[PDB]
Amino acid sequence: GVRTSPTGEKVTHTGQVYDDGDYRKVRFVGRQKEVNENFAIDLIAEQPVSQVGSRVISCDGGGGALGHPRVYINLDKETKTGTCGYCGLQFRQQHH
Amino acid sequence: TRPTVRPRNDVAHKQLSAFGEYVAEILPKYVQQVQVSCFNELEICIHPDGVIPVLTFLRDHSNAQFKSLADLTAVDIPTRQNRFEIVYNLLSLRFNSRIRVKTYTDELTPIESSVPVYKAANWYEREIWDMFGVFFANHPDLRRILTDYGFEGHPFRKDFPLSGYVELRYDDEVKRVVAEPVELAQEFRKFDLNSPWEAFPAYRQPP
Amino acid sequence: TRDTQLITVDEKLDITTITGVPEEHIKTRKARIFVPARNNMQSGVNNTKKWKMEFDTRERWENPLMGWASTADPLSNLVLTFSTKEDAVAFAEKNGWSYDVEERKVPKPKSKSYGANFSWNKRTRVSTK
Amino acid sequence: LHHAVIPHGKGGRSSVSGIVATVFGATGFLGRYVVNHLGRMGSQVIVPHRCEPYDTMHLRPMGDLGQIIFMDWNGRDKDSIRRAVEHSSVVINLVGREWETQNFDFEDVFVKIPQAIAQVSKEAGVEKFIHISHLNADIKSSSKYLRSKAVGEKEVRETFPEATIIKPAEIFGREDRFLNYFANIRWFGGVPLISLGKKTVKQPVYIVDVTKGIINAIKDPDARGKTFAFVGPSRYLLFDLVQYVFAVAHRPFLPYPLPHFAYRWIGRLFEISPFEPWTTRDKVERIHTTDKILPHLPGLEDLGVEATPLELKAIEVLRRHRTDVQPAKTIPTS
Amino acid sequence: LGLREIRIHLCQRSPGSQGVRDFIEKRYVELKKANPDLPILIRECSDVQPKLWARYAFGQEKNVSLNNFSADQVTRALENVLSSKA
Amino acid sequence: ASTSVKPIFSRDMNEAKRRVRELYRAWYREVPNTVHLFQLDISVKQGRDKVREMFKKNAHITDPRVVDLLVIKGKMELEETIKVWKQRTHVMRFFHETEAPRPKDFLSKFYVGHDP
Amino acid sequence: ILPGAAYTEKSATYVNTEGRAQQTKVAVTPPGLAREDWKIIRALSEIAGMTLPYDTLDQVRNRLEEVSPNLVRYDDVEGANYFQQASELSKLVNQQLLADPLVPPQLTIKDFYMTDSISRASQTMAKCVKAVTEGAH
Ligand SMILES: NC(=O)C1=CN([C@@H]2O[C@H](COP(=O)(O)OP(=O)(O)OC[C@H]3O[C@@H](n4cnc5c(N)ncnc54)[C@H](OP(=O)(O)O)[C@@H]3O)[C@@H](O)[C@H]2O)C=CC1
Ligand SMILES: [Zn+2]
């Protein structure tokens, strides 16, 4: 999700971009500004919400010992999904 | 037994305790304190006047024969009025034992050079002078050993900044390496790591 | 009863000329001798035992290349630990730094009573437990 | 770092001075001293270069990481000049050459290129512009070097009215072509001179004084749209000056006169080579031109620079020519 | 161009400031009704040598030490400042 | 007592001052040799001025022991110069030829930065 | 407009409501070209030809001592006295109370979060004012 500023410089996923009158743009003349194209905030939104049949689900990021510390997510609130604090995956409780 | 704990050696703790009293009795004029750590290391704390008498006795006496000077260094404790602690680590190949001798001095009081006793102290004393600024009297050749020529200050003092006061650089205008006040592109990040909870109650100091 | 021949020197101890410190960092600085305040996020009181000496904060600016914090102050990271207020003032005086001494702040002894939570008439009664 | 750039730090290598400078011709004699002073205080220096990158290596140590930036440019390509000044707040032109080439003559290096830089700088939004000229610049002389300077100085003053023209005399230093020029006349005989060095008065100026003057013109506000004449403290006769050079260099001095037309011919002989000529017709004229006295122009003293006497810092230049010296007789102010 | 403000310094329970403390208790109220527009700044502080500061026009200041004075000597100094300006 | 302390070399200022002069004479006589061996671009007079200035900055010292150290260090500096352990770069670090003067007036400081 | 340093950027003296003088310490330096407030006035005086007699912070604090000796007794409460004399002068010039009830400027918490330049510029205080007016959600 790389947006381009009016001057033409790419905006990084952290929102960084040099203003129009900033002299530091001179470092990119004859070179390029390295911007990662895969915005994490956009890719984790594409993941589907998981429907589970319990009030508390546990996420370890997938992969067992290769994932992240195992945490338990409470799904009693029906107005929102339960998001994992480490990896961003979302969970919902089936019809309750 | 207990697989994760260091086993005690009470036999070696007894022996080093006995030899510490032995040394304290034979040289009462200088010895100020004798202690044995929980891992069996004997320390003799002496008045600085006893550096040559105490070291000579330990080197030559038939029951000491501490004929190797393993190391000789200094520790800077600014809170003491005698901020420097001169430490001698000696080895006895005859009795297969080690002893540590400690004394003290300040920024101005000289210490006696132990070169006459151990020749190995020639460079160790120069390093102490260079890095701490402790003057050793009657040293055959006392001068900086580790620091740059003309270096100002004694880096190992606790009040000397880690990055110093000057940095070198080549200046094309004068065609030589020059020294200028230090400016770091990234300042050293001081971390405060100490836990606010006491770790070892056995070492608690009185209020 | 020392055999070594001593001499009389009646002047305040001063070592400013034999420490190698630039004169700019002896006369313009401002030491602060204090007992650190407890970190209010924790109840541990083991960092409030010793006296500290630190120096006055100076400029830190953004490094043009990377945005890092730069500094031209050699004493920015220097902190010394002292057992008592006096031996901390003694160190400052012989090094020539002007200093401020802040008296130790010890918590007042509190009168605590669990039974007061269930008082018959007084206002200390608690509504929830 | 919003309105211009805010200075930060102690004025050292890793500080920020707020000066974003483009230095054209930074790879020459006066250029390396200008970059050294800009980069020594923490300035963002942009160095367009026409040469091999190998020839720009003595500039990399002159600034902290990222402070010296190198770009390719062509004197006849307006776009390249635009890319090198669009981000700058000050532009310094040190482009020059002591001889003409098959591709670049004096009308290019001293008139067309300086005017190209001035024009692109003006429309790029650059506020300060420093141009280097010659003390003896005027369209009346036999030196096509000096005639071009006068034309270029007027064109710079017209394209960029707020420019700052510097007019130095013969600059001496380690890499100069002035004191080192009066030390390479030993493999042919004596020291040829128009007349015998008489009727030629020179006022050489130290390289660091010129460099320190250019730096103070960037910082000084009351130097926009002004012309300066950087000259040394003392005046000398070319005979006495050259005699001093050989005495300091411990070389036998055997001055003999040579006709003005005769010196031109040997100048022709030495300019046929494809390399940097040892001497040329124009070089002989400029050395034998008398340094003008323009008391109506502020000089080094108007920028806080004390001119360095030639006797104090002549040994550092002539030390390498050697295999208690009397100072040269000087013209009194009167 | 004369007196602009008066400042009196003294301690709370130091013997050397006894005279000045006497002056404030009884004389000061009389001195203040006669000079309604003159700021007289009484400022007390522990273990301070008592003094009287008078600030005339254009920032000139003169100080006289009221150390171990009696209430009579103190009121004498006030006149030397209120009357003999500078 | 408290004020009794070991001497380094000198038991009073008068003996210490003797060692200061003996050091000054040794330094004063090596500037011409130092300016020659190291091929310095400075004159002998300004080399001797720097020696004088170094002896002048710490001229208020009244402790005999501090004087001894200043002389002990001064002799070490002289030995490094005479033996040519130093190089041209070390001898010239007394002159600070590359750092611009730091103005000492209040207004000049106020414009450049926050330092006093 | 002369930019000055905020309270987190200067070693400055303040007196609380009980006469206790305390001093701040420099946490960060003031931004951009801002300078310490008392130095902006020392600089102005010299350019005006009325140079003040103090060039350093300690000297400026010596001047504070000459005007009110309690302003350099940090973290100390100096008792004030002479309530009787203050009361005597309080009734020499009579004045009439108005007939409008005493209304404080701050009645509910919505009036507490923004009261000065620093709080009015805070984006967190603004969210607190919105929270106590609009509520949750
Ligand atoms: N040095 C002196 O004695 C005097 C100097 N001046 C003037 O100062 C200016 C610079 O002086 P100085 O440094 O000593 O001269 P130098 O010969 O040492 O350097 C000249 C600079 O200009 C560049 N240059 C020449 N032609 C071109 C071109 N077509 N395109 C791009 N760059 C070119 C050169 O680049 P490259 O090296 O890659 O070829 C070089 O960097 C000159 O204009 C001179 O007239 C004034 C009075 C006396
Ligand atoms: Zn997860």
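In what follows, chains are A, B, ... by sequence order, proteins preceding strands, each numbered from 1.
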Exercise. With only heavy atoms counted, which part of B/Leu142 is less than 4.5 Å from chain F, the side chain, the backbone, both or neither?
Worked result: both

Problem set entry | Segment of F/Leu69 engaging chain B (4.5 angstrom heavy-atom cut-off) | side chain

For this session: Have a look at F/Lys6 and tell me which of B/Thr109, B/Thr105, B/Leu108 forms a side-chain contact (heavy atoms from CB on, under 4.5 Å) with it.
Result: B/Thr109

Seminar exercise, completed: ring-ring contact (aromatic ring centres under 6.0 Å, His included) pairs touching residues 78-103 of chain F, sequence neighbours excluded, are B/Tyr149-F/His90

Problem set entry | B/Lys175 NZ: over 12 foreign heavy atoms closer than 6.0 Å | yes

Seminar exercise, completed: For B/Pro110 and F/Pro7, the nearest pair of non-hydrogen atoms, with its separation, is CG-O, 3.9 Å

Exercise. When you look at NZ of B/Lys119, are more than 12 heavy atoms from neighbouring residues, nucleotides or ligands closer to it than 6.0 Å?
Worked result: yes

Problem set entry | Rounded distance [0.5 Å steps], CZ in B/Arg176 versus OG1 in F/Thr98 | 7.0 Å

For this session: State whether the number of non-hydrogen atoms from other residues, nucleotides or ligands found under 6.0 Å of B/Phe95 atom CZ is greater than 12.
Result: yes

For this session: Assess whether atom CZ of F/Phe55 is packed by more than 12 heavy atoms of other residues, nucleotides or ligands within 6.0 Å.
Result: yes

Exercise. Of all of F/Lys86, F/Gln87, F/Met92, F/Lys75, which one pairs up most often with chain B through heavy atoms under 4.5 Å apart?
Worked result: F/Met92

Problem set entry | For the student: nearest non-hydrogen atoms of F/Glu99 and B/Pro181, plus distance | OE1-CD, 3.7 Å

Exercise. Is it the case that more than 12 heavy atoms not belonging to B/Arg94 sit under 6.0 Å from its CZ atom?
Worked result: no

For this session: Give, as side chain, backbone, both or neither, the part of F/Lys73 having an atom under 4.5 angstrom from any heavy atom of chain B.
Result: side chain

Exercise. Which heavy-atom pair separates F/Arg93 from B/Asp148 by the least distance, and what is that distance?
Worked result: NH1-OD2, 2.9 Å

Problem set entry | Residues of residues 122-129 of chain B near chain F, each having a heavy atom less than 4.5 Å away | B/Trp129

For this session: Would you mind checking which part of F/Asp68 comes under 4.5 Å of any heavy atom in chain B, side chain (CB onward), backbone (N, CA, C, O), both or neither?
Result: neither

Problem set entry | Part of F/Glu79 lying under 4.5 Å from any heavy atom of chain B | side chain

For this session: Using a cut-off of 6.0 Å, state whether more than 12 heavy atoms not belonging to B/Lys158 lie near its atom NZ.
Result: no

For this session: Please look at B/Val177 and chain F and tell me whether the side chain, the backbone, both or neither of the residue comes under 4.5 angstrom of a heavy atom of that chain.
Result: both

For this session: Report the distance from atom CD of B/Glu152 to atom CD of F/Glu77, rounding to the nearest 0.5 Å.
Result: 6.0 Å

Exercise. So with a 6.0 Å cut-off around CG of B/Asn96, is the heavy-atom count from everything else above 12?
Worked result: no

Exercise. Would the number of heavy atoms belonging to other residues, nucleotides or ligands and lying under 6.0 Å from NZ of B/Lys67 be above 12?
Worked result: yes

Exercise. Where on B/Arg143 is there a heavy atom nearer than 4.5 Å to chain F: the side chain, the backbone, both, or neither?
Worked result: both

Exercise. Is the shortest distance from a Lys or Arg side-chain nitrogen in F/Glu80 or B/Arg144 to a carboxylate oxygen in the other one below 4.0 Å?
Worked result: yes

For this session: Working to the nearest 0.5 Å, report the span between CE of F/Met76 and CG of B/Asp130.
Result: 9.0 Å

